[PDB]
Amino acid sequence: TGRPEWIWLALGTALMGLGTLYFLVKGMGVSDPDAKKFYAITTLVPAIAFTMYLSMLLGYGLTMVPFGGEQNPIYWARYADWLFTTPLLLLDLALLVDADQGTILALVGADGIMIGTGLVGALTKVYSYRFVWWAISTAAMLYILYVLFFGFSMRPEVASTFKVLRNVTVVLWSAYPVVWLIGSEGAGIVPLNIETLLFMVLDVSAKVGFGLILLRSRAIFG
Amino acid sequence: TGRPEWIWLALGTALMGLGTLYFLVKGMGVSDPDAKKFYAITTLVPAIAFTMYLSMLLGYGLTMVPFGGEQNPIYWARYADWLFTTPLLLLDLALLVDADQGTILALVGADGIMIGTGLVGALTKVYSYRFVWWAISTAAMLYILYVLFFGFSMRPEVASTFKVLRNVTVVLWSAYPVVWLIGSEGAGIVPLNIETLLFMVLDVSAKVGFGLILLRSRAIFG
Amino acid sequence: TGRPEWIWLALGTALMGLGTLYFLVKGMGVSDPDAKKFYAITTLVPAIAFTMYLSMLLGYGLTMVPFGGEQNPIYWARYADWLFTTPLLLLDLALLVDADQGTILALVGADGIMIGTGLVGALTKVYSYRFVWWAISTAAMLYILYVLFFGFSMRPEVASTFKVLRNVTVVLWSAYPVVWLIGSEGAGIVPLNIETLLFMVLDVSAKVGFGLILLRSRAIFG
Ligand SMILES: *C/C=C(C)/C=C/C=C(C)/C=C/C1=C(C)CCCC1(C)C
Ligand SMILES: *C/C=C(C)/C=C/C=C(C)/C=C/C1=C(C)CCCC1(C)C
Ligand SMILES: *C/C=C(C)/C=C/C=C(C)/C=C/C1=C(C)CCCC1(C)C
């Protein structure tokens, strides 16, 4: 299409599709109810991302938002994706370590706040206010990462995989606010095509990279 | 109103309203926590459908979608209905057989995908792409039916009612993609008034017919 | 801004922000998994309300709805707030008394119906029909209050705090339908600025007042 970022939307679509089919095949046969949990969550994440990447690819998950005196192309379908896939990723972490239910509700709710204020900021027409929504969203993000480091001694294989995915999680999640701030939704420093490439690389890593790590671990079996 | 399909929207409204009141009365008194679960789920389904049928009846759950060179009247409120009532129906099935939590998350999530890609397809303005969304949605549907047949030996009364509702479920759910494909959202083979009648007949059967079967079974008591 | 109700939107923003930070601080340290549950739920409620009050303050959570021959300013962000915070409040009540899961699903679902039909009524352009949606929503509300009084003998400290919050809940929740009926969404008897003040006073009391009561009780610890 006439959008230079199309190629990154098509590659992300393909890679999310392929990861989904891989995990679907892989979880074939699994009977341990525990492992079953991790397979369902982990397979669903790139399945949802597949649909939202394809809706961006086809033009559906795109809208124009007037601000700073211009019609800015905003991919809102990323927030419909993240709204469901980021809590699922947190649930994977939470289940690994057998979190208390209050801690899980804390994470899911802070996550909802994170993504929904990101979406409000994305669609806000007063330029300055976009960054107020960014800051609140970033603060929800920092609460989540705090809880992942200070809110949780289980068996050695659980701990190790959990420590690895936790570190993956802090590194990739932390890059999202930066990308948003310098890209088309924020300061407009980086063109939309580079921005879309960056989000594609983070999304595939946090979704398909993260799940490859988890699903190859025996940490997922009781 | 000026919409010939109005009569089917009014009959579905009435029938969903009546089923809701029936199940509400019927569940009056029930103390077995197990039965309580099935009564809550099963009563909520036509209560939600009542509201969405009435919003269609009154004109609120209707929007025009330009495609194939025309303004097509699309009843989007059916997807707001299904988004909540189809997982609830699956939960009824899942609870009957004491499914593992991973299997339940699999079903709910595939269901969300099913309905949300149905909704994207319903609102997509590029005619050809409508059917890509249809196919993905149908594939989520086929995953769900697969899990209902191969993803699950409990007491005889549980098994029997579960096998009956499962068969009801495959027969009616399978008709939805066909109706969509030949009706106003898809190939436009069947007029909207006939389409609305067909969805009304399926909806009442899958919602009020299904629940009459379940709630008369002693399978719902511990 | 040019909206006289701005001051009440700014005060509610501030008060919800402050309550959120207070409860966040207060729950610092808490290790009893039970108390942890109540702290997560109770902190999340004004955190969400903070964001929705601020989105109203900044103009984002406002839309114009044509009806009765005029462009009526409708604050739709209140329904995005309530959609999540009213079930959370009900969960606090439900957990106190160790409700059965079927009773909790009953409450959450009737609540969803309550808020979603409130939102449909808020955005309906046919004046008379606005009040049909009001009545259905009020009936869902009356079901919820019924279940809170007749749908539930635990330890004395649980019962007492539960009876107090239940009474707080019936008194404040019952005022919402009245405000809606006489304010800008309904009969237009009371100007939007007074209406917004009334909702601000109810919201802070039901959210921050209610949680102060709960979180000072030892009822929240196992
Ligand atoms: C499915 C992929 C994942 C793990 C994506 C995560 C996205 C984020 C952590 C988003 C965070 C943002 C903020 C903290 C600030 C404002 C904008 C966001 C939504 C990009
Ligand atoms: C409340 C009534 C029920 C059980 C309705 C079920 C609806 C479906 C199974 C819908 C399925 C569809 C697809 C598989 C393809 C595309 C369009 C849909 C959403 C009609
Ligand atoms: C976060 C604050 C709370 C507890 C707000 C509760 C709101 C209600 C109980 C709303 C009820 C309504 C109806 C019963 C009728 C129609 C309109 C509503 C949504 C205002």
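Quick note: structure is the one above.
Note on numbering: residues are counted from 1 along each chain in the order of its written sequence, which can differ from the entry, and residues with no coordinates are hidden. As they are written, the chains are lettered A onward and the ligands numbered 1 onward, keeping that order. Excluding hydrogens and water, the side-chain values take into account all heavy atoms of the structure.

Mind showing me how you'd approach the overall build of chain A here?
Assigned secondary structure in chain A consists of 7 helices and 2 strands. Reading the helices (α) and strands (β) of chain A from amino to carboxyl end gives α-α-β-β-α-α-α-α-α. Radius of gyration: C-alpha atoms only; globule rule: 2.2 Å multiplied by the number of residues to the exponent 0.38. Over its C-alpha trace chain A gives a radius of gyration of 18 Å, about what one expects of a compact globule, namely 17 Å for 222 residues. Between buried and exposed lies partly exposed: a residue is buried under 20% and exposed over 50% of the maximum accessible area for its type, with that area taken using a 1.4 Å probe on protein chains only. Here chain A holds 222 residues, and 54% of them are scored as buried. Residue burial considers only the protein chains on display, and all accessible areas are found by Shrake-Rupley using a 1.4 Å probe. Here chain A displays about 8,900 Å² of accessible surface, and carbon together with sulfur accounts for 70% of that area. Positive and negative side-chain charges of chain A, numbering 13 and 13 respectively, have mean locations separated by a distance of 4 Å. Secondary structure elements are taken from DSSP: a helix is a run of H or I of four residues or more, a strand is a run of E of two residues or more, and numbering for both begins at the N terminus. For the purpose of charge, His is not counted, nor are the chain termini; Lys and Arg are scored as positive and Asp and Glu as negative. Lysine's charge is taken at NZ, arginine's at CZ, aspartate's at CG and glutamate's at CD.

Before we go on, may I ask you to explain the site of ligand 1 in this structure?
All names here are of chain A. One heavy atom within 4 Å of a molecule or strand makes the whole residue count as near it. Inspection of the region around ligand 1 gives 16 residues, with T85, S137, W173, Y176 and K207 positioned closest. If you list the elements that add at least two residues to the shell around ligand 1, you get helix 3 (77–96), helix 5 (127–150), helix 6 (156–182) and helix 7 (192–216). Residue composition of the shell around ligand 1, grouped by class: 10 nonpolar, 4 polar and 2 charged. The classification used treats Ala, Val, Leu, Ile, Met, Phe, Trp, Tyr, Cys and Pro as nonpolar, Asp, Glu, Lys and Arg as charged, and all other residues, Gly among them, as polar.

Looking at this structure, how should I read a nonpolar patch on the surface?
Like-charged residues within 9 Å of one another, or nonpolar side chains (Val, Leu, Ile, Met, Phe, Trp, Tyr) within 5 Å, are grouped into patches, provided each residue has over 30% relative accessible area and no salt bridge. Note on definitions: salt bridges are taken to be side-chain nitrogens of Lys or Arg within 4 Å of carboxyl oxygens of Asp or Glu. Together, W6, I7, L11 and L15 of chain A line one region of the surface with nonpolar side chains, adding up to about 300 Å² of accessible area. Note on placement: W6 of chain A falls in helix 1 (residues 6–26).

Help me understand the pattern of salt bridges, please; the structure alone is not making it clear to me.
For side chains bearing opposite charge, pairing can occur when the charged atoms are close. According to the stated counting rule, one finds 12 salt bridges over all chains in the structure shown. As a salt-bridge pair, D100 of chain C and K36 of chain B come within 3.0 Å of each other at their nearest N and O atoms. Residue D100 of chain C is located in the loop between helix 3 (77–96) and helix 4 (101–123), and its partner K36 of chain B is located in helix 2 (residues 33–57); the two belong to separate chains. Note on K36 of chain B: relative accessible area 21%, which makes it partly exposed. Ionic pairing is found between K207 of chain B and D81 of chain B, a salt bridge with its closest N-O pair at 3.9 Å. For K207 of chain B, a relative accessible area of 3% puts it in the buried group. A relative accessible area of 1% means that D81 of chain B is categorised as buried. Salt bridges here are not isolated pairs; linked through shared partners, they connect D81, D203 and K207 of chain A.

How do you make sense of the environment of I115 of chain C when you look at a structure like this?
Residue and element names in this part refer to chain C. Here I115 is to be found in helix 4. On the basis of relative accessible area, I115 is assigned to the buried category, the value being 6%. Spatially, the C-alpha atoms of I115 and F50 are 18 Å apart, while their sequence positions differ by 65 residues. Beyond its immediate chain neighbours, meaning those up to four positions away, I115 contacts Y79, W82, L83 and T86. Throughout, a residue-residue contact means that at least one pair of heavy atoms, one from each residue, lies within 4.5 Å.

So what exactly am I meant to see when it comes to the interface of chain B and chain C here?
Reports often express the size of an interface as the amount of accessible area lost when the parts come together. Across the boundary between the two partners, chain B contributes 17 residues, which contact 17 residues of chain C. Carbon and sulfur atoms make up 81% of the surface buried where chain B meets chain C, a total of about 1,300 Å² over both sides. The term buried area refers to how much accessible surface (probe radius 1.4 Å) is lost by two components on association, counted for both of them together. Ranking the residues of chain B by area buried against chain C places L44, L58 and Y60 of chain B at the top, with a combined share of 39%. Across the contact surface, chain B and chain C share 1 salt bridge. In protein, a polar contact requires one atom able to donate a hydrogen and another able to accept it; more generally it is a pair of N or O atoms within 3.5 Å, and residues adjacent in sequence count only if both atoms are side-chain atoms. Taken together, the links from chain B to chain C amount to 1 residue pair in polar contact.

How should the packing of helix 4 of chain C against helix 5 (residues 127–150) of chain C be read in this particular structure?
Angle between the axes and distance between the axes are the two parameters that describe a pair of packed helices. Residues and elements named next belong to chain C. Interaxial angles span 0 to 180 degrees and are taken between N-to-C directions of axes, which are lines fitted to C-alpha atoms, for helices over the stretch in contact. The geometry of helix 4 relative to helix 5 is characterised by a closest axis approach of 8 Å and an angle of 160° between their N-to-C directions. One way to sum up the angle between helix 4 and helix 5 is to call them roughly antiparallel. Note that helix 4 runs across helix 5; the crossing there is left-handed. Of the residues assigned to the contact of helix 4 with helix 5, the class counts are 16 nonpolar, 5 polar and 2 charged. Roughly parallel refers to an angle under 35 degrees, roughly antiparallel to one over 145, roughly perpendicular to one between 65 and 115, and oblique to any angle outside these ranges. Definitions for this section: a left-handed crossing has its near helix turned counterclockwise from the far helix by less than a right angle. A right-handed crossing has that turn clockwise.

Teacher, can you tell me more about the interface of chain B and chain A here?
Taken together, the contact pairs 17 residues of chain B with 17 residues of chain A. Carbon and sulfur atoms supply 81% of the area that chain B and chain A bury against each other, a total of about 1,300 Å² over both sides. At the junction of chain B and chain A, the tally comes to 1 salt bridge. The tally of links between chain B and chain A comes to 1 residue pair in polar contact. Secondary-structure elements contributing two or more residues to the side of chain B that touches chain A are helix 4 (101–123) and helix 5 (127–150) of chain B.

Would you mind showing me how to read the site of ligand 2 here?
All names here are of chain B. Residues in contact with ligand 2 amount to 16 residues; listed here are only the nearest, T85, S137, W173, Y176 and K207. If ligand 2 stood free it would expose 530 Å²; the protein chains cover 100% of that surface. Elements represented by at least two residues in the shell around ligand 2 include exactly helix 3 (77–96), helix 5, helix 6 (156–182) and helix 7 (192–216). The class makeup of the residues in the shell around ligand 2 is 10 nonpolar, 4 polar and 2 charged.

Mind showing me how you'd approach the relation of the copies chain B and chain C here?
Comparison of the two chain copies shows a relationship of rotation about an axis with a shift along it. When chain B is fitted to chain C, the best match, at an RMSD of 0.0 Å, comes from turning it 120° and sliding it 0.0 Å along the axis. What the rotation and shift describe, once combined, is the action of a three-fold rotation axis. Only C-alpha atoms enter the least-squares fit that superposes the copies.

Quick question: what am I supposed to make of the nonpolar core here?
Burial of nonpolar side chains together is a common tendency in soluble globular proteins. Throughout this description, the term nonpolar core refers to a set of buried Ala, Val, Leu, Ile, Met, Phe, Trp, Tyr and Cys residues connected via side-chain atoms within 4.5 Å. Core analysis: the biggest nonpolar cluster contains 210 residues, and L96 and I144 of chain A, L96 and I144 of chain B together with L96 and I144 of chain C have the highest contact counts within it. The residues touching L96 of chain C, leaving out its near neighbours within four places in the chain, are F38, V158, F162, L165, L214 and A219 of chain C.

Can you walk me through the environment of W173 of chain C in this structure?
All names here are of chain C. One can find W173 in helix 6 (residues 156–182). In this structure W173 comes out as buried when scored by relative accessible area, which is 7%. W173 sits 33 residues away from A206 along the chain, and the two C-alpha atoms are 8.0 Å apart. Setting aside residues up to four positions removed in sequence, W173 forms contacts with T86, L89, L90, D111, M114 and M141.

Can you walk me through the pairing of strand 1 (residues 63–67) of chain B in this structure?
The side chains of a regular strand alternate between both faces of the sheet. Residues and elements named next belong to chain B. Examined bridge by bridge, strand 1 and strand 2 (residues 70–74) share 5 bridges and lie antiparallel to one another. If you follow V65 over to strand 2, its bridge partner there is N72. In this antiparallel pair of consecutive strands, strand 1 and strand 2, the connection spans 2 residues, and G68 shows a positive phi of 45°. Paired strands, as defined in this entry, are two strands with at least two bridges between them according to DSSP.

For this particular structure, what's the right way to read the packing of aromatic side chains?
The geometry of an aromatic ring pair is captured by the separation of the ring centres together with the interplanar angle, meaning the angle of the planes. Side-chain rings of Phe, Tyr and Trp (the six-membered ring for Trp) are treated as a pair once their centres are within 6.5 Å; stacked means planes under 30 degrees apart, edge-to-face means over 60, and tilted covers the remaining angles. For the structure on display, the rule yields 33 aromatic pairs over all chains. With a centroid separation of 6.0 Å and 65° between ring planes, the pair formed by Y60 of chain B and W76 of chain B is classed as edge-to-face. One end of the pair, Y60 of chain B, is in the loop between helix 2 and strand 1; the other, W76 of chain B, is in the loop between strand 2 and helix 3, and 16 residues separate them in sequence. For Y60 of chain B, a relative accessible area of 23% gives the class partly exposed. Taken together, the aromatic side chains of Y79, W82, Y176 and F199 of chain A make up a single cluster linked through ring pairs. A ring has a charge above it when a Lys NZ or an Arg CZ is no more than 6 Å from the ring centre and no more than 35 degrees off the ring normal. The ring of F67 of chain B has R130 of chain B sitting right over it, with the charged end atom 3.8 Å from the ring centre.

Explain the side chain of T161 of chain C to me, please; I cannot follow it from the model alone.
For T161 of chain C, the position within the fold is in helix 6. Beyond its immediate chain neighbours, meaning those up to four positions away, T161 of chain C contacts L214, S217 and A219 of chain C.

I would appreciate a short explanation of the environment of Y79 of chain A in the present structure.
All names here are of chain A. On the secondary structure map, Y79 appears in helix 3. Judged by its relative accessible area of 3%, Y79 falls in the buried class. Along the sequence, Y79 and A139 sit 60 residues apart, while their C-alpha atoms lie 17 Å from each other. Among residues more than four places away in sequence, those in contact with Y79 are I115, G118, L119, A122, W180 and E185.

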